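What follows is a single structure, written as structure tokens, with notes after it.
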Amino acid sequence: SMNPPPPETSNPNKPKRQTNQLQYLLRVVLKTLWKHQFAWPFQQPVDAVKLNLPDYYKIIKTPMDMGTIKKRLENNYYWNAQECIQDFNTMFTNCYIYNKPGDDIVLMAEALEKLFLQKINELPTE
Ligand SMILES: Cc1cc2ccnc(N[C@@H]3CCNC[C@H]3OCC3CCCCC3)c2[nH]c1=O
């Protein structure tokens, strides 16, 4: 049992809300990053068993990925946009911590982050 349980994508006790900013995050931000050519390694939790990365979850204690973010948006898990923005940042940060600088996966994350920040810059008013 080397993979941890994935991050939660629903919770009956966590208050839920539908807002235009959260809709924008799903329909524009996530959608754009999801279909990008570099998205696929970030589309699901890092599978340390299948990818043979035994030390991944020894190093990364706050895992996050776009598959989880997608589910959280679809399930109305978030109350606000900043929670979601934080999750994207966690995903990128993890990549920059675990992998050495100049690694292709880091360059991929950087391209996705650049695109992400552009779309967040264009976030609609509530
Ligand atoms: C999110 C994520 C996924 C991932 C998958 C596989 N391997 C990773 N780390 C490796 C560490 C050793 N150097 C090579 C790295 O993987 C190579 C990339 C090349 C581009 C396509 C994906 C695998 C991963 N690290 C992660 O942070």
Side-chain angles (χ1 to χ4, degrees):
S1 61
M2 179 124 278
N3 289 322
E8 68 174 27
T9 53
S10 65
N11 186 325
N13 302 138
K14 190 179 189 296
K16 51 188 180 69
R17 192 163 69 147
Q18 284 179 307
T19 74
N20 65 293
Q21 280 187 342
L22 284 169
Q23 287 178 12
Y24 173 86
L25 278 158
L26 179 57
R27 298 177 185 177
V28 180
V29 181
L30 179 78
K31 203 184 283 158
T32 295
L33 271 61
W34 190 265
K35 304 181 76 60
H36 195 274
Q37 63 268 29
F38 297 161
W40 66 269
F42 306 95
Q43 283 179 332
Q44 58 285 314
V46 171
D47 187 335
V49 176
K50 282 189 177 287
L51 297 168
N52 189 41
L53 298 172
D55 70 336
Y56 186 81
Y57 291 108
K58 302 186 196 302
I59 290 290
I60 299 301
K61 303 307 194 181
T62 55
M64 186 51 58
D65 64 275
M66 294 201 294
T68 299
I69 292 170
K70 183 164 183 287
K71 289 180 172 185
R72 286 180 169 194
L73 286 162
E74 290 169 348
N75 298 347
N76 303 303
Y77 177 86
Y78 301 119
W79 186 260
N80 65 47
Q82 286 310 319
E83 289 178 274
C84 180
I85 291 165
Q86 186 188 308
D87 281 348
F88 276 101
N89 287 150
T90 296
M91 179 182 81
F92 296 131
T93 305
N94 293 339
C95 187
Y96 308 144
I97 289 166
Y98 180 75
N99 308 280
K100 68 181 173 298
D103 264 19
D104 283 348
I105 192 66
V106 168
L107 296 172
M108 290 164 80
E110 285 178 334
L112 294 170
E113 191 180 8
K114 179 173 180 174
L115 192 56
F116 169 74
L117 289 163
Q118 291 166 167
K119 301 290 178 169
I120 293 302
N121 191 28
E122 296 154 16
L123 189 69
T125 312
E126 293 179 280

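Count residues from 1 along the sequence.
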With a cut-off of 6.0 Å (strictly less than), are more than 12 heavy atoms of other residues, nucleotides or ligands near [atom1] of [X]?
X: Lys58; atom1: NZ; value: no
X: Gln18; atom1: CD; value: no
X: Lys16; atom1: NZ; value: no

How long is the span from the [atom1] atom in [X] to the [atom2] atom in [Y], to the nearest 0.5 Å?
X: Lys35; Y: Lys31; atom1: NZ; atom2: NZ; result: 9.0 Å
X: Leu73; Y: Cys84; atom1: CG; atom2: SG; result: 4.5 Å
X: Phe116; Y: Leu30; atom1: CZ; atom2: CG; result: 10.0 Å
X: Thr62; Y: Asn94; atom1: OG1; atom2: CG; result: 4.5 Å
X: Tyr96; Y: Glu110; atom1: OH; atom2: CD; result: 5.0 Å
X: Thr19; Y: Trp79; atom1: OG1; atom2: CH2; result: 10.0 Å

Applying side-chain contact (heavy atoms from CB on, under 4.5 Å) to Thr68 and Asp87, what does each step give before you reach the verdict? CA-CA 9 Å; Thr68 299; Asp87 281 348; 5.8 Å; no

Group every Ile, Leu, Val, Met, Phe, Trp and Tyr by side-chain heavy-atom contacts under 4.5 Å, then state whether [X] and [Y] land in the same group.
X: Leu26; Y: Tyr78; answer: yes
X: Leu33; Y: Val46; answer: no
X: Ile120; Y: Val28; answer: yes
X: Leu25; Y: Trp34; answer: yes
X: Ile60; Y: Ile69; answer: no

List the atom of [X], the atom of [Y], and the distance in Å for their closest heavy-atom pair.
X: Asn75; Y: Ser10; value: ND2-CB, 4.2 Å
X: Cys95; Y: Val106; value: O-CG2, 4.1 Å
X: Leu112; Y: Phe38; value: CD1-O, 3.7 Å
X: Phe42; Y: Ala109; value: CZ-CB, 3.9 Å

Assess whether side-chain contact (heavy atoms from CB on, under 4.5 Å) is satisfied between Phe88 and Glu113, documenting all intermediate values. CA-CA 8 Å; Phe88 276 101; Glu113 191 180 8; over 6 Å; no

Verify, without hydrogens or angle tests, whether [X] (side chain) and [Y] (backbone) share a donor-acceptor contact under 3.5 angstrom.
X: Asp65; Y: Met91; answer: no
X: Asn80; Y: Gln82; answer: yes
X: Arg72; Y: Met66; answer: no
X: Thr93; Y: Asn89; answer: yes
X: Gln21; Y: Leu123; answer: no
X: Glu126; Y: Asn20; answer: no

Side-chain heavy atoms of [X] within contact of [Y], under 4.5 Å:
X: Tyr57; Y: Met2; answer: no
X: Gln43; Y: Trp40; answer: yes
X: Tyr77; Y: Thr9; answer: no

Basic-acidic side-chain contact under 4.0 Å: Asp103, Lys100: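 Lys100 and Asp103: salt-bridged.
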
Are any of the side-chain nitrogens in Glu83 or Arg17 under 4.0 Å away from the carboxylate oxygens of its partner?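 No, no charged N to carboxylate O under 4.0 Å.
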
Do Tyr56 and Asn3 have side-chain atoms, one donor and one acceptor, less than 3.5 Å apart?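 No.
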
